[PDB]
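Participant: Experimental structure and sequence below.
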There are 2 protein chains.
Amino acid sequence: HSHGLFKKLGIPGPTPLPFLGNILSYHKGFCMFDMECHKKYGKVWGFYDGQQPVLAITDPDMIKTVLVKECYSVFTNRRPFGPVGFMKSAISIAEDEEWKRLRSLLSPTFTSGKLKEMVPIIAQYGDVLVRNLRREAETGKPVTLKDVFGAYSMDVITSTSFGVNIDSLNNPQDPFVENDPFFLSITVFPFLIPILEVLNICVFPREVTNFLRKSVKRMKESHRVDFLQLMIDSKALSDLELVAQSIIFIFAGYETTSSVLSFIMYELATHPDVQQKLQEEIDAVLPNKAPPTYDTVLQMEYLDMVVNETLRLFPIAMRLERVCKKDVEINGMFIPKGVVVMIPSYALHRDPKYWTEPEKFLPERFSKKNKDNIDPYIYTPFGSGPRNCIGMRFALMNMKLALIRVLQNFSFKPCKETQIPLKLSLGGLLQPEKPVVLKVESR
Amino acid sequence: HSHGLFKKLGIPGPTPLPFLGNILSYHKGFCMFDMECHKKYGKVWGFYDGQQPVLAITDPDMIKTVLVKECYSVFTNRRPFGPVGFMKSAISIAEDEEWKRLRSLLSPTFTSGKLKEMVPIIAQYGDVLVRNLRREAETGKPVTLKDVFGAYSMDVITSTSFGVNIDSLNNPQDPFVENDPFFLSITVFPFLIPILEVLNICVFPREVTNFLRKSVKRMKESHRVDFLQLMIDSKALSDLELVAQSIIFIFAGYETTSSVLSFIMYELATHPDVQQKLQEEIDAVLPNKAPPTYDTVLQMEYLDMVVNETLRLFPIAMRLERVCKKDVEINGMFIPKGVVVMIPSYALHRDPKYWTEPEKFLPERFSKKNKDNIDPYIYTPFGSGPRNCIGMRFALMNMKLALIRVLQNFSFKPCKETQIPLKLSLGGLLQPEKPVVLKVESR
Ligand code: HEM
Ligand code: HEM
């Protein structure tokens, strides 16, 4: 019974219940629980995910020590969840030297030279997204963004990860990836995890994967550029190791790209002045609906300010977590072994200590005048340090290339069904209660 | 399902059954299973303790690499058993840097200077053992050795570990330590170990310990020398850490000292020529039943030859085990991570490759002429390397000091109930089927 740990260290926090800990406070959500704790407990507090002590830090120098300084020594891996199966070889689930080999083997896949080669492929579906948009604009009714953006993010994934060119929205019969009530029990009962592993049970639907893996056996052997072809050229890797990384690239590129693009278009439709100014910049850099290029995207500054400010209001990861590998003492406080150090990214992005009017959508926070006054460890939408988001530059380029072609042809206004203000899904995922619906008018 | 590992590496061994592995071959015992495997599979073979692959090595250079060379790097810890409770801080159960701190903090307790201070204490009970022997000799009937030796080993433990002077055989109402059907299930079902730990269940009777711990709270604080006083003088230790080590000293000093002394007196009674020659040397170094001292024991060579030769026939540990911490390659073979490397000490001590007439009791193998021709890694009754038996010199001095006072007064002859030949307990423990009973005559 380690529930007396945070009071044995003099660290404030909510009082844990037996077995459950503080998981009953998650009825508001992880975001609201972190904002309420940071408000009443200060810079450092602790809580218990069942029997697992979780220490939350908000000090920028202390965050820098965890994410960047003592990364390879103390804070190398995140906390493990339940039955992972063969997915233990995922770069995000790998630990210690196992991860260092994968992070070094997959880093060249996200080079500035390799990414510029991917711009023409994902810009093709930017035209396909407009094709499905023009129809759902000429059909004359509000459009659910997560459908067209989910299809776009799916098409971008398949062509960049394997090259299987599909129109996910127009070919939904073959998607082929249409893929609390247990994870609440799994964290309070971590002793049941080895039982599910020996039963071949996994948190992911285990019957999947196998149909995505046998497709790599025919195309890897029996001039095209994609994530797969860049991994085969590369001690050396395994065939099953190649499958696990491609699965984590789809999960990290599907729900993330669509949700952020959904939050962005919600902020643009609710702020026509920002949408008006952004479309003027898009028309200025790209005259007469010019095709967006790699060098063109990296020039539009107001587009970068819009993407950065929406990621502040909605950091879809919510938290940054590291596992304390041994008894250490960082920046003046003692961290015992086994404690999960957590960085509340959502709570820090809405703190009046660093942001003026946190609930407001003000893209001018990230202009070249005020961008220098932003702490790189208070604003971490992609994490930081050696274990940051390895697909950060790919996601930014993928999302912006869609925002240009979408705004080059359409203006977005709210509808009667648009949930204003937007209510964050009290669930576990950082999304909105009711899906975003907007009016799409042709320019 | 890792049962194809040893055949994926080209390593011979018995074919494992699902779930069970090769545990059904333990109906003969660990000793006979290791002798049958070393006979038909050669220098290296592998088997499965349920789902745990165990690689057995017999090459002396390969044993030296595991026990001595790559000890701190690869082969640092032994395999873990079931619910350990607070006993995870035991030096023998500790792992990695946690063990290095305990092995360094407890090594001075077994110094040649500290041990010579313990000789007068354990020689006192050598007189008490003769006192109970003279009565059970004058009572005129065969004597069960494990009773008088178990009481002697218990009295030596209590006085050396805490100083509580008792006559365990004459005060058995207050001992106070009178302390397969589950461990076979626990190794085939290792997924049930975390369940027993969270239920406060331990492999040891958990209701014990607590009554031995509250006695240290009154005597540690509220000039005497013992194992306890030598540990208090000593980053620094914890109070609960001091309790765990004293428990492992009793378990390692009770069953081991009594059983080896039981095997020795069986070999002496069945070989009167060895008992006659040993008593003549004891009378020569110690004239007229002289009291044995520290320097006297280290002079009797034939006594050392008798103790060493009995430990060859009965290495009560049977096996030496280390856990492979990472993928390595020792002396020309690849050892994957997680494989338990095992040294069959019993099988090596009875191998005709290094011993002539292995089943014979010939103390002349360890004379100063033939002791140089014995490989220190084929004969390992106390292990080897940094994680060898830390109480080796204490056990040798404790057992010899009893053998001198016992043989200074009594001769030992077999009886009608003496099991000849001695049948090793088919159980898990390295002992004899039926307890040893001998005739004790006064000189
Ligand atoms: C808007 C889009 C995205 C956001 C906001 C985002 C955010 C994040 C964050 C906050 C982390 C944790 C960083 C840390 O713990 O220090 C992370 C990790 C990671 N992300 Fe993303 N991500 C996005 C898209 C992607 C994409 C498109 C990919 C791949 C194609 C990707 C692959 C990964 C991987 C593999 C990791 C784990 C890296 C490791 O453990 O070494 N992410 N991401
Ligand atoms: C005839 C008596 C004894 C024999 C034959 C014996 C044998 C052994 C063997 C074979 C090992 C394993 C070595 C290895 O794995 O490399 C061991 C370990 C150990 N023994 Fe003994 N032992 C005896 C008595 C004792 C006594 C009297 C004590 C303490 C008072 C003791 C304390 C220990 C400890 C603590 C370990 C584990 C050391 C570590 O893990 O670092 N043993 N013993």
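Facilitator: Nice, thanks for sending it over. Numbers count the residues shown, from 1 in each chain, chains lettered A, B, ... in the order given. Ligands and ions are numbered 1, 2, ... in the order given.
Participant: Residue A:261 contacts residue A:151, doesn't it?
Facilitator: No. Here residue A:261 does not reach residue A:151: they are 11.5 Å apart, not a contact under Cβ atoms under 8 Å. In this view, the C-beta of every residue, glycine as well, is placed from N, C-alpha and C.
Participant: Of these two, which one has the most company?
Facilitator: residue A:261 (27 against 23; other Cβ atoms under 10 Å in any protein chain shown).
Participant: show me what contacts that one?
Facilitator: Taking Cβ atoms under 8 Å, 6 or more residues apart in numbering or on different chains as the definition of contact, the neighbours of residue A:261 are A:145, A:149, A:152, A:153, A:399, A:402, A:403.
Participant: so what's residue A:35 closest to, chain neighbours aside?
Facilitator: Distance criterion Cβ to Cβ, 6 or more residues apart in numbering or on different chains; nearest residue to residue A:35, sequence neighbours excluded, is residue A:347 at 4.9 Å.
Participant: just to confirm, which helix or strand has the residue in the stretch 151-300 of chain A that ligand 2 sits nearest to in it?
Facilitator: Among the residues of the stretch 151-300 of chain A, residue A:194 lies closest to ligand 2, at 25.8 Å counting by Cβ to the nearest ligand atom. Element membership for residue A:194 (DSSP states H and E) is helix A:193-198.
Participant: I would like the residues contacting that helix, please.
Facilitator: Contact with helix A:193-198 is made by A:82, A:83, A:84, A:85, A:186, A:202, B:51, B:190, B:191, B:194, as judged by Cβ under 8 Å, 6+ apart.
Participant: follow-up on the earlier one: hang on, the residue nearest to residue A:35 packs against residue A:57?
Facilitator: No. Residue A:347 lies out of contact with residue A:57 (Cβ under 8 Å); the separation is 11.2 Å.
Participant: Got phi/psi on residue A:44?
Facilitator: Main-chain torsions, residue A:44, degrees, to the nearest 10: phi -140, psi 130.
Participant: I'd assumed residue A:333 was in contact with it.
Facilitator: Yes. The pair formed by residue A:44 and residue A:333 meets the contact definition of Cβ under 8 Å, at 6.9 Å.
Participant: Neighbour count: the two, which is higher?
Facilitator: Of the pair residue A:44 and residue A:333, residue A:44 is the one with more neighbours under other Cβ under 10 Å, namely 18 against 15.
Participant: what about that one, distance to residue A:55?
Facilitator: Noted for residue A:44: a distance of 7 Å to residue A:55, by Cβ to Cβ, to the nearest Å.
Participant: for residue A:21, same thing?
Facilitator: Here the distance between residue A:21 and residue A:55 works out to 13 Å (Cβ to Cβ).
Participant: Likewise for residue A:300?
Facilitator: Computed as Cβ to Cβ, the residue A:300 to residue A:55 distance reads 40 Å.
Participant: again, but for residue A:389
Facilitator: Residue A:389 sits at a distance of 23 Å from residue A:55 (criterion: Cβ to Cβ).
Participant: more crowded one of the two?
Facilitator: A side-by-side neighbour count of residue A:389 and residue A:55, using other Cβ under 10 Å, places residue A:55 first with 22 against 19.
Participant: Spit out the contact partners of that one.
Facilitator: With contacts taken as Cβ under 8 Å, 6+ apart, residue A:55 has the following neighbours: A:6, A:11, A:44, A:45, A:46, A:335, A:339, A:340, A:341, A:342.
Participant: How much space separates the fifth one from ligand 1?
Facilitator: This means residue A:46. When distance is defined by Cβ to the nearest ligand atom, to the nearest Å, residue A:46 is 19 Å away from ligand 1.
Participant: show me what contacts that residue?
Facilitator: If you count contacts by Cβ under 8 Å, 6+ apart, then residue A:46 has A:5, A:6, A:9, A:11, A:12, A:13, A:53, A:54, A:55, A:56 around it.
Participant: Go again with 10 Å.
Facilitator: By Cβ atoms under 10 Å, 6 or more residues apart in numbering or on different chains, the residues touching residue A:46 are A:5-7, A:9, A:11-14, A:16, A:22, A:37, A:53-57, A:339-340, A:342.
Participant: same question, residue A:154
Facilitator: A:125, A:166-169, A:172, A:175-178, A:250, A:253-254, A:257-258.
Participant: Would you mind giving me the PyMOL syntax to select the buried ones in those residues?
Facilitator: Here is the PyMOL command that selects the buried residues among those (16 or more other Cβ atoms under 10 Å in any protein chain shown):
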select buried, chain A and resi 125+166+168+169+176+250+253+254+257+258
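Participant: Mark which of the contacts of residue A:154 are part of helices, please.
Facilitator: Judged by DSSP state H, the subset of the contacts of residue A:154 located in helices is A:125, A:250, A:253, A:254, A:257, A:258.
Participant: now the third one: how far from residue A:81?
Facilitator: This means residue A:253. In this structure, residue A:253 lies at 20 Å from residue A:81, with Cβ to Cβ as the measure.
Participant: Next: the first one.
Facilitator: Here the criterion is Cβ to Cβ. By it, residue A:125 lies 32 Å from residue A:81.
Participant: hmm, stretch A:338-355 touching ligand 1?
Facilitator: No. Counting by Cβ under 6 Å from any ligand atom, ligand 1 is not contacted by stretch A:338-355; separation bottoms out at 6.7 Å.
Participant: Straight-line length of that stretch, end to end?
Facilitator: According to Cα to Cα, to the nearest Å, stretch A:338-355 extends 33 Å from its N-terminal end residue to its C-terminal end residue.
Participant: buried ones in that stretch?
Facilitator: A:339-350, A:354-355.
Participant: Closest to chain B out of those?
Facilitator: For the buried residues of stretch A:338-355, the residue nearest chain B by Cβ to the nearest Cβ is residue A:339; the value is 16.8 Å.
Participant: okay but that closest one is in contact with residue A:47, surely?
Facilitator: No. Taking Cβ atoms under 10 Å as the contact criterion, residue A:339 and residue A:47 are not neighbours in contact, 11.3 Å apart.
Participant: Quickly list what's touching both of the two.
Facilitator: Taking Cβ under 10 Å, 6+ apart as the contact definition, residue A:339 and residue A:47 share the neighbouring residues A:6, A:53, A:54, A:55.
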